[PDB]
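A.B. asks: Take a look at the following structure, please.
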Amino acid sequence: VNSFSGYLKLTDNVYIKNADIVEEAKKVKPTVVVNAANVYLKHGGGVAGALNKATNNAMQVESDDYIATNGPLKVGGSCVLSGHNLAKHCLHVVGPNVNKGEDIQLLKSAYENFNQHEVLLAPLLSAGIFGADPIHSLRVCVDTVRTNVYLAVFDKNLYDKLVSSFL
Ligand SMILES: Nc1ncnc2c1ncn2[C@@H]1O[C@H](COP(=O)(O)OP(=O)(O)OC[C@H]2O[C@H](O)[C@H](O)[C@@H]2O)[C@@H](O)[C@H]1O
C-alpha cells in the first residue's frame, strides 16, 4: 500500500492526477517511477530533466555508465535503473519521437514495459517534446497497461481536457 492520494480513477487499473511527477515521487517514494526517456538517456527537459535535477544529476551519471556498458536503448524499449532519492527504481522508457519521424505505433510497445511492474508512477509517454497527441498517449496507456499505473500530468489545462475525454 502506497500513499498516493488525490487521484481520479480512469479504469480498474489507471489513475490520474494534476501534479508534478517529481513532487509525487518525493512524497510517495514509490517502488517505480517512469521516465519518458530518449534512447541515449540524455535527460535534458520535461520529465527526464526534472527527475534528473531532483537527483542532483545522479540519474545522469548512472545513465552514462549504463550507456557505456550497454549502448542505446531501442525506441519502445526500456531499462531499470535506480530511483535515487525519488523511488526505489526508475524505469526509463523510450516512446517514439513522432516529431522526428518515428512510428507512433511504437508507443504501444513502450507502454508494454509497464506490465513488468505491479505499481508505477508515470507520465504520458511521447506527449511532450516528442509530439504525440496527449489524448492518444492516454488511450494507448489505458488499452495497453494492465498493472496499476498512477499518471502525473503536470499541465493543468491538459489534465482538464484529458479527464473530460472518452478513453
Ligand atoms: N515534471 C513533470 N511532471 C509530470 N508531467 C510532466 C512533467 N514535465 C513534463 N510533463 C509532461 O509529461 C509528458 C511527456 O513530456 P516529455 O517529458 O517531454 O516526454 P516525451 O516522451 O514527449 O519526450 C521525451 C524527451 O523528453 C525529455 O526531453 C527526454 O530527455 C526525452 O528526450 C507531457 O505531457 C508533459 O507535459
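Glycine gets a Cβ as well: all are built from the backbone with ideal geometry, and neighbour counts include every protein chain shown. None of the figures in this text is laboratory data; all of them are computed from the coordinates on show.
A.B. asks: Report the residue count in the stretch 67-97 for those that are more than 14 Å from the ligand (Cβ to nearest atom), hydroxyl-bearing (S, T, Y) and surrounded by 14 or more Cβ atoms within 10 Å (Cβ to Cβ).
C.D. replies: 1
A.B. asks: OK, next. Of all the residues that make up the stretch 26-62, how many are in a helix (DSSP H, G or I) and surrounded by fewer than 24 Cβ atoms within 10 Å (Cβ to Cβ)?
C.D. replies: Step one: filter the stretch 26-62 for residues in a helix (DSSP H, G or I), giving 26-28, 46-54, 58-62.
Narrowing further to those that are surrounded by fewer than 24 Cβ atoms within 10 Å (Cβ to Cβ): 26-28, 46, 49-50, 53-54, 58, 60-62.
Total meeting the criteria: 12.
A.B. asks: For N35, all conditions in the list (1) under 26 Å from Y159 (Cβ atoms); (2) touching a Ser or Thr at 6+ places or on another chain (Cβ under 6 Å); (3) within 9 Å of the ligand (Cβ to nearest atom) hold save one; what is the number of the exception?
C.D. replies: (2)
A.B. asks: Ok, one more. Looking at (1) within 20 Å of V153 (Cβ to Cβ); (2) assigned to a helix (DSSP H, G or I), find the lone condition where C90 falls short.
C.D. replies: (2)
A.B. asks: Which residues, counting only those in the stretch 24-52, are within 22 Å of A68 (Cα to Cα) and not hydrophobic (A, V, I, L, M, F, W, C)?
C.D. replies: Restricting attention to the stretch 24-52, the residues satisfying the condition of being within 22 Å of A68 (Cα to Cα) are 34-45, 48-49, 51-52.
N35, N38, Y40, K42, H43, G44, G45, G49, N52 - these are the residues of the stretch 24-52 that are within 22 Å of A68 (Cα to Cα) and not hydrophobic (A, V, I, L, M, F, W, C).
A.B. asks: Which residues, taken from the stretch 44-80, are out of contact with any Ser or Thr (no Cβ under 7 Å at 6 or more places or on another chain) and of a type in the set (D, E)?
C.D. replies: Here is the first cut: in the stretch 44-80, the ones out of contact with any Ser or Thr (no Cβ under 7 Å at 6 or more places or on another chain) are 44-61, 63-75, 77-80.
Listed by number, the residues that qualify are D64, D65.
A.B. asks: On the given criteria, is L167 in contact with a helix residue (DSSP H, G or I) (Cβ under 7 Å, 6 or more places away or on another chain) and buried (at least 17 other Cβ atoms within 10 Å of the Cβ)?
C.D. replies: On the way: in contact with a helix residue (DSSP H, G or I) (Cβ under 7 Å, 6 or more places away or on another chain): yes; buried (at least 17 other Cβ atoms within 10 Å of the Cβ): no.
No, not satisfied.
A.B. asks: Something else about it: Condition check: of a type outside the set (S, T, N, Q) and closer than 17 Å to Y40 by Cβ. Does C141 satisfy that?
C.D. replies: Values: of a type outside the set (S, T, N, Q): yes; closer than 17 Å to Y40 by Cβ: no.
Judged against the criteria, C141 is not a match.
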